[PDB]
4 protein chains.
Amino acid sequence: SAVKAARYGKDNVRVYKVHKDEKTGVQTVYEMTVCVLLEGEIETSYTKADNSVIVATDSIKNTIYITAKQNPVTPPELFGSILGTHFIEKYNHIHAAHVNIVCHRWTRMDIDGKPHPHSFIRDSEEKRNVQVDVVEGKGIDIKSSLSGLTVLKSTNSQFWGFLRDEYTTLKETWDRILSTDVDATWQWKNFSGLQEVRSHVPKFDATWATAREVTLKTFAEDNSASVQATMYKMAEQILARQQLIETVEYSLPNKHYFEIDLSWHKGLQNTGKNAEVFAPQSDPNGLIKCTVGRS
Amino acid sequence: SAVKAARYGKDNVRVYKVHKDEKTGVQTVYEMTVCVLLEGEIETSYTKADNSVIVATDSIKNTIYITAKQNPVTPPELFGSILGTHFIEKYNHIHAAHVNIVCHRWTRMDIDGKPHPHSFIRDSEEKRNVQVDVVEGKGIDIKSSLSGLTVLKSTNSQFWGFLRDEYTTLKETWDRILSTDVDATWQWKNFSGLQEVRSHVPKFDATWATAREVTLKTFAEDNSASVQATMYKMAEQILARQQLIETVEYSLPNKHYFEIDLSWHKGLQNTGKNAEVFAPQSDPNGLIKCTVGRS
Amino acid sequence: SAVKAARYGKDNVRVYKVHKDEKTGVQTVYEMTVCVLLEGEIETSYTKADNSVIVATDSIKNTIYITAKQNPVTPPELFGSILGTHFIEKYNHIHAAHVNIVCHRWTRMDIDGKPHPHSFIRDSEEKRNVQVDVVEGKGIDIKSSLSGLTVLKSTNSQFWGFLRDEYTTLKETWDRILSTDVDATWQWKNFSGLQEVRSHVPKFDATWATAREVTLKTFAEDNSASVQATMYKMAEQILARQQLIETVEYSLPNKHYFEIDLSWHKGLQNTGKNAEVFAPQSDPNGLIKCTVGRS
Amino acid sequence: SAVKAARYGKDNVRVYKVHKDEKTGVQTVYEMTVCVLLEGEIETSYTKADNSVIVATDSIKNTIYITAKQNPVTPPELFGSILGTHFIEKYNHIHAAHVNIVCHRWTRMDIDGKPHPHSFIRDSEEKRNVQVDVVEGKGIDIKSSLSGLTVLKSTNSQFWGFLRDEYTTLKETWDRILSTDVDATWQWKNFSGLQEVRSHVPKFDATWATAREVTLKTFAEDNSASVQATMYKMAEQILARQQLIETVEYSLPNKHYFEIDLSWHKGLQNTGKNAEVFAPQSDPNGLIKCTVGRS
Ligand SMILES: O=c1[nH]c(=O)c2nn[nH]c2[nH]1
Ligand SMILES: O=c1[nH]c(=O)c2nn[nH]c2[nH]1
Ligand SMILES: O=c1[nH]c(=O)c2nn[nH]c2[nH]1
Ligand SMILES: O=c1[nH]c(=O)c2nn[nH]c2[nH]1
Ligand SMILES: [Ar]
Ligand SMILES: [Ar]
Ligand SMILES: [Ar]
Ligand SMILES: [Ar]
Ligand SMILES: [Ar]
Ligand SMILES: [Ar]
Ligand SMILES: [Ar]
Ligand SMILES: [Ar]
Ligand code: NA
Ligand code: NA
Ligand code: NA
Ligand code: NA
């Protein structure tokens, strides 16, 4: 046998960091879950019980904590880059670092009108994430995303004119519910190293903000021909609003809500135009993915 | 043997309902998970295979759906009452109905400044719930609650002067993080029936709003002596702001965040006054409950 | 206001312990999640910021770990008792200790026929649990249970002759699937203290074994008239097989599996006697509880 | 813009099927969760609101159910192939079908010694899975796996001689606990179509059985130099026992259990050779992956 591929490291490192403006007295907190996996000349640790090549997962956990103390942890794209550059610059036999960051929401609380200086609320389970791959002599590839953004519109969603054969039972509809959890990824042009990443830093928040803003607006205003048609509109708006983005990716569940025929009981009318009460369906669910780049 | 207690019914009924103002064109959606358990003279179904006494769980699922079409599903306290009264008035041998409702958030989206007429976002996993027990010849007891409200303050939390013996290793602190998920219950005075419930309807939202408002403010403004001291302050503020509430209950995890000594590495300083990076601890967690009523 | 009820302590303490027979070289591992909540004269910690009355949750976490080192952690009923007695005997102002233990399965692996001396497998997510309430001057109440025991029979389950009214749509069936997760609790006679608990120790495993054995057999052999009828049979068999048990409790979901009419497509026959393919329904689910004691 | 990649279909289709030997009266049940995603000339559904190209996700749900009635659902590798071939042979514009199956355990119950003819138990949350990609004019690629297989050995695991620098705090150990959840994938040689898949059918169970048997034995008998060294041994044993397997993949968390220094309290000794009580750590966790093919 032989080692064809190998990576190893530390998953699920929970990390908190506070910033104290000792002038204003305003505190900002950040919270993330971090994973770092390394590659390189580490095959012997697998084939020959040679641990001499292993930076211990424990130590990678140390490094995450250390790097966070020594550097800003915002924006995620930058922290990832700094963390991954460390591993490949520090160790000769380590040739790639793979850094996934999941960011958790701590939104400043508004109390009696006023933004409060050090109290926070998890106002969603929506996440901002990054995948940052730092390969030696290749640069830094960054996939940014927002995920777990759960939305529902009660009308202005259609689905008609799909293929009908002897497998088809679904009725054409000109008015349905559409609900999804948004998973959106945008992939940056290759950067050459930390310097280039640092030169674009303001763009990372900007593009994230844009992605979320477009997602929410297109969803609410579009008279959806299908999930397919609506997600493509979002994607092409994002690509047009930031040229450092090479591709845009959406994975979207169709979280169906079924009409309930209630007419067997007192001729009660609750379908079509009369539909008021709906059965949310835990499963199964439609799943729709698309990758959109420039023509 | 003999049947000492028995209840049965349907759990986890997912329910959606839209309201369309066909004037304005504004739609409001509601989503909940419903459980109804019945009691009465149903022992024979257990001891003698006598199914004649059983309203089928399936049918209870029907009734939930039906009741929702025939009535408003807001406020939860009212829907519960209507649903539970149905069972005990309809069936002679059914003497109590137990109705738990969990309400899901669908907050209207703000698009380009403007409230959108039919698009919604799950802007938290926080729930509003009710437990409504309708017992025949006894009235309607209602426990309302908010839950899953996750908060964190970065300072203005203390814990010193606790008992110290040969089991104690915890250091006194005059500045720590405090994070919790809020579970708050307030118990209404017994109501006599649907009429009395209907006469107070506006109070149910009001009190909920109050509970959440007090919870968030007391948490942010209080220089916490302990979780114990801070939750009692919330409870007594709620009791004072609504006389139809008999008791107030808080269950609160203490979701610890530990300091990370980083001084073994380059004499780096990250404890006490220097603390910037923290290890959120998934487990274990402190748990603190209190029931507070009037003196 | 005033404190009506109060308890506090530590939840979700994960605990592992190995036993090494240094004779045979056979190791036995145990793993549990532990919660201890205390009561007593602790109101002032809530009303007056008086922390002097508080055994710190941290210290309760210490005590769990310590008690486990100093004592056997099997059987759960005994460990609970020892742990809870500690708190009420140690502290004057602590008058009750509430101890929930959840036990995790580590079943010895069979390798090449032979029981292996120190390798284990989680061969189910089924748990053995205890609730042990130690109240000062009142003794020790113990609720033992098994839970998360998930079963399914493909036939020999019936449900006919239930009430039919204008809410009923469910068809009578003389052959259906029955699936559930078993939650079974048996409540011991009050014990006077640790001595009495120690005098019965062998009974705790025995009764657990019995409960599981009866549960599985009655489920498999009974031609079920209903969940109601089948669970009562289990309960009365357990009560008859151990006189130190005062009551037996079952909570059981009915995890429905629906027939799929496939006759719209090539007159394919998949209902009634022809039924081969079924839709497992995540929700909603029937829920059936019973408490059975002696006549 | 333009569509770079696109797939769509139905996720989380829950499926049950019983087999009745009407001779013996022995029933066998099967339960799985199924996902089918299609590709082809479907870009217009995204760019031009052209639904004419879409086989509705609903219909794909039908097809899963239908295919299951018309064919055996065991072994998973075969069902996948049949299901995926259907889509690409049926529709001109559909050029690839992607079929993930997750299999759920229903192990026949042993009652009073005897295998019971129609009663079953979920005796683990361990799954057997397949990923079957059917691409038109390319054949059938199959990734089989077992997952969620959770194991722990109490000794005979070592970790020493890893790199030590100014990031390292972890102590070398010649005796620790090793716990993991096993995720093992083995990738078959490309098959040309359904015929070739059918010609190897007996091998699929065999290889699965082998994978699990090797996994469990190597884990229990190996004096682990590291997770790395132990997983490679498993992989090379599997490759040697089946030549139709091209590569073998392991993803493995290191689910750490920490020693508890209890010496601050009554000089109690619970470290090194004395260690009996351990803190299972929910997070973070070491993660170790390897892909092993033939030299
Ligand atoms: O928007 C939709 N896209 C689809 O592909 C689909 N299939 N069924 N329903 C659907 N709705
Ligand atoms: O606020 C707190 N209350 C407690 O009871 C406690 N115990 N440890 N830490 C604590 N913090
Ligand atoms: O066993 C059953 N008990 C019930 O109470 C019931 N209700 N619907 N189906 C049922 N099956
Ligand atoms: O088996 C192990 N492999 C590793 O790579 C490692 N790192 N810390 N501990 C470890 N144990
Ligand atoms: Ar952070
Ligand atoms: Ar969409
Ligand atoms: Ar509703
Ligand atoms: Ar609090
Ligand atoms: Ar234990
Ligand atoms: Ar049952
Ligand atoms: Ar199946
Ligand atoms: Ar391993
Ligand atoms: Na390097
Ligand atoms: Na009645
Ligand atoms: Na006491
Ligand atoms: Na095709």
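By Swiss-Prot numbering, chain B shows 2-296, in order.
Method of determination (from the header): X-ray crystallography, 2.4 Å.
A Cβ is built for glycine as well, from the same backbone N, Cα and C atoms used for every other residue.
Binding of urate is attributed by Swiss-Prot to B:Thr58, B:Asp59, B:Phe160, B:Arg177, B:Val228, B:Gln229, and within the candidate set B:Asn52, B:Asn72, B:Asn191, B:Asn255 the record adds B:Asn255 to that site. Spacing of B:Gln229 (5-hydroxyisourate binding site) relative to B:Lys11 (active site, charge relay system) is 37 Å (Cα to Cα, whole number). The subset of recorded positions (B:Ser2, B:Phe160, B:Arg177, B:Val228, B:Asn255, B:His257) lying with their Cα within 10 Å of the Cα of B:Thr58 (active site, charge relay system) is empty, i.e. none.
In terms of C-alpha distance, the listed recorded positions B:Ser2, B:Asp59, B:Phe160, B:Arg177, B:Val228 place B:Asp59 closest to B:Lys11 (active site, charge relay system). Cα to Cα, B:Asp59 (5-hydroxyisourate binding site) and B:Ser2 (N-acetylserine) are separated by 29 Å. Look at the recorded positions B:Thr58, B:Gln229, B:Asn255 and count other Cβ atoms within 10 Å of each Cβ; B:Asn255 has the fewest. Cα of B:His257 (active site, charge relay system) to Cα of B:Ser2 (N-acetylserine): a distance of 48 Å. The subset of recorded positions B:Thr58, B:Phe160, B:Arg177, B:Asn255 lying near chain C, with Cβ atoms under 8 Å apart, consists of B:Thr58, B:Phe160, B:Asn255.
Counted over every protein chain shown, other Cβ atoms within 10 Å are most numerous around B:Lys11 among the recorded positions B:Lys11, B:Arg177, B:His257.
For ligand 3, the neighbouring recorded positions among B:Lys11, B:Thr58, B:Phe160, B:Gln229 are B:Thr58, by Cβ distance under 6 Å. Taking every pair among B:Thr58, B:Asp59, B:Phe160, B:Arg177, B:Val228, B:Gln229, B:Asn255, the residues recorded as binding 5-hydroxyisourate, the greatest CA to CA distance is 52 Å.
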